[PDB]
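Take a look at the structure set out below.
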């Protein structure tokens with residue numbers, strides 16, 4: 001199993017090698033062909049590595065009164081778009097290479113979904129299970145101070161985000177620390193971090209963001225007859241099964257949104273075991289059973305499945321757990337028609353090459369796992385705007401809709417002759433429910449769906465334009481590299 | 001031919017002399033009548049001249065290794081609204097008087113279209129044809145640095161713009177230089193300049209901005225029966241001909257948008273000759289013929305017209321070329337019913353006085369040439385917002401429209417008794433095309449049209465309120481002076 | 001040969017282990033003995049590692065038009081005193097571990113000479129011999145920009161300095177870049193870097209700074225009878241010989257200043273060979289011979305010495321060349337009574353342990369190589385003051401001295417009875433020369449000598465207080481650790 005750094009390097013190298021010929025041809029400036037070739041190679045060389053990596057060593061005082069030195073890292077991959085964006089991970093396994101690779105991955109993911117952020121990633125080398133709430137808060141605030149002093153945290157410079165190991169309370173601590181010490185005179189101080197709770201400037205709909213993004217990315221390619229023909233399927237969600245690996249937030253919400261639109265789930269596996277029921281599994285039953293039992297084992301409405309969760313006889317495989325689980329050990333045995341990677345880097349390059357032969361579709365995490373990033377961009381915009389979405393427009397649009405219905409009613413009675421005849425003033429039950437429960441999360445989900453659809457169409461266009469098959473990962477990486485190169489080329493690189 | 005400085009001074013003097021009587025009467029504060037008269041005279045005296053003019057002399061190193069001293073100027077006319085806005089012109093003919101006059105013109109143009117910018121203008125005394133791309137970039141970056149150090153460039157202070165002689169690449173250089181050296185810690189650094197390419201924070205629809213503004217300003221007065229009666233015409237665009245002077249971006253886009261709405265073009269003239277075809281000229285044919293041939297001469301579908309392009313037997317004359325082309329030499333020979341000035345100051349005051357006698361309508365460049373300024377304001381707002389227009393609302397409004405259509409369908413079947421009867425769920429072909437191709441440029445063009453309509457109505461109201469005839473220039477200048485005086489008076493002038 | 005990182009770690013560990021018992025005892029606050037022990041251990045643990053390490057990857061455009069990615073690092077060891085201070089090294093061999101070790105060494109060196117700077121070190125992974133002047137300037141300016149954006153360059157944050165591989169022109173480039181882009185609004189922008197040329201705010205006397213510091217550190221221990229007894233010598237500089245390893249700036253100036261005060265040199269060795277003359281070698285002859293011949297080989301007034309320069313039958317060995325040249329391979333053969341380390345880390349710990357047995361004095365580079373740091377502190381102070389030393393006081397003190405002499409003359413004639421008798425108005429030839437040639441370098445050298453004397457006395461006091469013998473390195477490290485601990489303890493560490 002190659003490391004994520006080498007994986008990202010290989011993906012970028014392949015994408016750049018594919019895209020360079022077009023990058024050279026589209027240049028129409030007053031130089032020679034070989035000068036254009038060298039310029040394109042040079043800009044790619046500039047883009048590939050991380051620009052800034054900061055290693056930190058700061059002290060904290062333990063609860064008992066002892067002192068501990070904490071090691072932390074933050075890598076900013078690209079500054080072609082500011083601010084940089086990236087999560088903070090609290091783990092003993094964090095490393096400079098890992099944070100650099102994840103920062104590069106974030107850079108390329110933001111480009112795919114047209115989010116104007118650079119890539120970043122931070123890691124603190126602690127095990128949070130061995131610290132109290134007070135000590136964790138002290139660590140978070142000291143990390144925030146040290147990063148802010150060196151220009152690695154800021155609303156216009158670098159906006160961190162939560163991870164699996166960090167949460168909304170950590171983001172609250174970061175925002176509170178920045179807004180009160182370093183960014184006190186900055187009106188956008190609370191835009192320095194996303195993933196905040198609602199009372200701290202968070203955005204509505206962030207909880208189901210990644211799951212909804214996974215669902216939208218799945219459905220965009222599901223409703224595509226051109227790819228459905230090669231995969232041997234039918235358009236729509238009918239007669240389709242899916243399984244999820246890991247039942248975290250991403251997997252749970254993806255399962256719920258897939259079950260909503262008519263798809264049925266078969267089995268749900270984790271590291272502590274796996275459930276299995278071919279007739280359909282209810283996401284709410286799984287949710288409340290897990291909420292009570294602390295685990296998924298012992299579900300009375302399903303049974304135990306032997307072997308890995310990746311080899312079930314299903315249609316769509318959705319891994320939302322530990323990464324690099326798809327490799328040559330189990331790649332030729334999965335027998336899953338579509339692979340929907342809800343996690344970052346769950347498929348090795350050799351596994352992907354195997355799936356290419358077997359006509360197996362792999363939807364890259366560059367595109368599918370970008371819903372949370374889009375909603376974080378929306379939250380950052382909301383903090384910049386200092387108002388929630390729809391606050392000044394919901395009642396106005398409601399009045400406009402009522403006026404439109406009234407106009408239709410009067411016109412219908414006036415073509416006729418009536419006073420109380422045809423009544424096209426009644427909105428449908430779904431429309432009335434939408435009107436009554438109109439909130440910021442509706443706008444957020446609408447924007448997320450729009451972003452997912454646009455990105456899917458761009459990826460498809462790139463795939464057909466470069467004669468690519470079912471390897472959507474190559475098309476997505478090519479698209480991201482093209483966008484980043486365009487920004488670099490039309491801006492200039494050196495000011496000296 | 002009087003200089004543009006004297007022309008602007010005369011326009012302002014006439015407008016102030018007309019508007020002063022009303023400016024005095026509407027004042028309802030606790031002073032005397034003569035004190036009010038003196039206060040109004042005083043505020044007009046304050047408004048008339050430019051506030052700040054900066055003369056620059058900075059060095060560059062040539063490609064061969066020699067050094068050259070570059071002279072540049074930037075004039076900020078008014079600071080009653082910040083930031084100031086104005087273009088940068090690369091020409092040997094630039095001068096302090098010219099940049100001051102153009103800054104004043106920009107101040108008065110922004111007021112007409114309700115754009116909250118002061119007026120500004122910059123000029124660099126070089127001939128860009130005698131420099132390479134590298135040397136031009138060095139000149140642009142050094143000019144940006146020198147202006148930024150003295151508070152003459154900034155998102156909240158002064159936002160430059162392109163001209164005919166400068167372009168999107170120059171704006172890219174300016175934005176890149178400012179965002180990396182002086183405005184590095186400013187979150188709105190890229191709002192320091194407009195006219196940027198799309199990848200650098202530019203706005204969609206800027207290319208056709210001035211042409212669309214010219215078309216909207218023409219159609220606003222075309223659809224006005226009160227003025228059509230005095231001009232002896234019919235409302236609408238039927239049985240109307242137009243010719244353009246110069247086939248630049250402004251003239252080309254104005255011709256295209258006029259041809260779209262049913263108007264027919266007769267002849268297109270430039271400095272290298274003129275084409276002529278009374279039966280109709282196709283803008284796309286002209287566009288691609290010019291793109292291939294580098295000029296307009298030799299068009300197989302039309303013939304040569306002798307004499308100046310300003311004396312054709314047409315209905316609407318649209319000069320979009322060098323200025324001061326309408327003067328006593330050719331004023332009584334033009335025989336064009338309406339003059340639509342798409343360029344800055346193409347008519348001399350004596351020519352305008354001649355057109356007043358001959359019942360010839362002159363639409364001022366203060367109003368007609370303000371589409372680019374409005375779209376630049378939109379681009380500045382987009383940079384401040386850090387998101388493109390419609391990103392969070394397109395899908396939401398699409399869902400709302402579908403729900404409205406569904407409500408109408410169900411209500412129609414329910415007044416009736418049907419399940420699949422009347423089907424008012426189908427949007428029209430034009431509506432469906434608008435829904436499918438909904439983008440930021442649609443919002444930009446909608447805002448531009450709204451601004452043009454509001455400005456046209458305000459100008460008409462001022463014209464009828466001050467007993468003015470077809471001299472819309474006087475009405476527009478009076479309106480701008482009134483707005484600027486209102487801002488000055490309600491704010492106060494001296495803080496000491 | 002262990003690496004410099006492990007060497008510094010071992011030196012710090014030994015010093016902390018020696019000093020901890022006293023650090024605990026002198027604490028008189030309201031806690032328990034074991035709490036004091038843990039607090040001291042904890043502060044030492046905080047002090048030991050580097051606080052911030054920044055890894056950079058920035059592009060430059062080559063002269064031929066190609067692009068290259070440059071890797072650079074800057075490590076800030078301690079922020080207990082701001083700004084941090086450290087040199088910039090242009091070499092292919094630079095590494096994160098090396099820059100961290102050198103930053104720690106700088107932290108401990110500044111404490112010894114009471115210079116209020118933290119330690120820092122920067123390295124750029126290029127070979128300057130393979131670049132032109134223009135490319136080197138581009139690299140320097142881009143490095144300055146990248147460091148300044150991340151808070152790693154600044155008059156109050158971090159002040160870089162030259163190295164052997166970087167020079168006054170590089171410091172000029174750094175100062176010019178910072179003062180014009182990021183620190184434009186900072187009145188102390190030119191204090192961001194030291195080692196500048198005179199016309200750029202440099203200080204007089206920097207050239208001979210390190211050599212004069214080496215001479216002063218040597219003479220302080222030479223004039224100490226208490227150590228002279230154990231070494232079996234006589235106080236003064238009579239009947240004393242010295243040899244230098246490497247004839248760089250440090251070695252040349254140390255040789256010149258030692259020859260001035262009556263000491264005689266025997267041989268001068270480098271990597272290209274070695275000269276040898278037991279009867280005395282003239283520093284000016286060596287200087288101009290090297291200036292003409294580009295090397296030291298072929299000196300007509302001396303002969304070739306076989307073997308290493310470290311094993312000559314002399315009294316004082318002064319290495320001013322590559323580091324780690326003293327080790328077990330040649331340690332028991334040197335036969336040099338006193339070792340005066342003018343270079344950073346030229347003696348390995350095993351070599352030092354060997355010299356301890358053989359009653360061989362080793363003067364640490366922590367103290368002896370700190371003259372340049374002191375003069376850099378003086379230059380930083382001069383830039384902050386915006387005036388050269390003595391500008392407002394030289395003439396005043398000259399008038400005061402003349403008045404004192406006149407007072408003595410009149411009093412002598414008035415005790416006597418005379419008008420033109422005793423004439424104590426004539427200053428000596430040396431005093432008159434000092435008065436006539438009074439400049440800033442005299443004040444700089446006076447301050448350097450004062451700093452060296454104070455540091456030597458403090459080191460001696462620590463050595464006798466901790467029962468240390470001739471291992472002055474341990475005493476110096478103990479003194480630096482004590483000072484840093486005092487600052488940390490009396491300030492506090494965590495603000496949370």
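Numbers here mean position along the shown chain, with the first residue as 1.
Looks like electron microscopy, 2.3 Å, at least that's what the header says.
Yeah, the Cβs are placed from backbone N, Cα and C, and that goes for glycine too.
Taken from Swiss-Prot as is:
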- A:121: active site (ACT_SITE)
- A:204, A:208, A:257, A:260: GTP binding site (BINDING)
- A:388, A:454: ADP binding site (BINDING)
- A:6: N6-succinyllysine (MOD_RES)
- A:48: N6-acetyllysine (MOD_RES)
- A:85: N6-(2-hydroxyisobutyryl)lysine (MOD_RES)
- A:100: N6-succinyllysine (MOD_RES)
- A:109: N6-acetyllysine (MOD_RES)
- A:110: ADP-ribosylcysteine (MOD_RES)
- A:138: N6-succinyllysine (MOD_RES)
- A:337: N6-acetyllysine (MOD_RES)
- A:395: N6-malonyllysine (MOD_RES)
- A:441: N6-acetyllysine (MOD_RES)
- A:465: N6-succinyllysine (MOD_RES)
- A:465: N6-acetyllysine (MOD_RES)
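Feature map: annotations from Swiss-Prot on the structure.
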residue: A:6; record: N6-succinyllysine; Cβ neighbours (10 Å): 12
residue: A:110; record: ADP-ribosylcysteine; Cβ neighbours (10 Å): 29
residue: A:121; record: active site; Cβ neighbours (10 Å): 31
residue: A:204; record: GTP binding site; Cβ neighbours (10 Å): 19
residue: A:208; record: GTP binding site; Cβ neighbours (10 Å): 23
residue: A:257; record: GTP binding site; Cβ neighbours (10 Å): 20
residue: A:260; record: GTP binding site; Cβ neighbours (10 Å): 11
residue: A:388; record: ADP binding site; Cβ neighbours (10 Å): 17
residue: A:395; record: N6-malonyllysine; Cβ neighbours (10 Å): 11
residue: A:465; record: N6-succinyllysine; Cβ neighbours (10 Å): 12
For residue A:85 (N6-(2-hydroxyisobutyryl)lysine), which of the listed recorded positions (A:121, A:204, A:257, A:260, A:388, A:454) have their CA atom within 10 A of its CA?
A:121
Are any of A:6, A:48, A:110, A:204, A:260, A:337 (the recorded positions) within 10 Å of residue A:388 (ADP binding site) when you go C-alpha to C-alpha, and if so which?
A:204
Where the distance is taken from Cα to Cα, which of the modified residues A:6, A:110, A:337 turns out closest to residue A:395 (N6-malonyllysine)?
A:110
Which ones in the same chain are close to residue A:454 (ADP binding site), with CB under 8 Å and 6+ residues apart in sequence?
A:114
At the Cα level, what's the spacing in Å between residue A:208 (GTP binding site) and residue A:100 (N6-succinyllysine), rounded?
27
By Cα-Cα distance, the member of recorded positions A:121, A:204, A:257, A:260 nearest residue A:48 (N6-acetyllysine):
A:121
Within reach of chain C, those recorded positions of A:138, A:257, A:388, CB-CB under 8 Å:
A:138
Want to know which recorded positions, from A:6, A:110, A:121, A:138, A:337, are within 10 Å of residue A:204 (GTP binding site) at Cα; which are they?
none
For residue A:208 (GTP binding site), which DSSP three-state class applies?
coil
Max pairwise CA distance, angstrom, over record-listed GTP binders A:204, A:208, A:257, A:260:
20
Proximal residue to residue A:109 (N6-acetyllysine) among recorded positions A:121, A:257, A:260 (C-alpha distance):
A:121
In the structure shown, with every protein chain counted, which of the modified residues A:85, A:138 has the densest set of Cβ atoms within 10 angstroms of its Cβ?
A:85
Looking only at A:100, A:441, the modified residues on record, which one has the least crowded Cβ, with the fewest other Cβ atoms within 10 Å?
A:441
On a simple 10 Å Cβ count over all chains shown, which one of the modified residues A:48, A:109, A:337 is most densely packed?
A:109
Length of the line joining the Cα atoms of residue A:257 (GTP binding site) and residue A:441 (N6-acetyllysine), in Å:
15
Near residue A:121 (active site), which of the modified residues A:6, A:100, A:337 can be found within 10 Å, Cα to Cα?
A:100
Measuring CA to CA, name the entry from the modified residues A:6, A:100, A:337, A:441 that ends up nearest residue A:465 (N6-succinyllysine).
A:337
Provide the three-state secondary structure of residue A:388 (ADP binding site) computed with DSSP.
coil
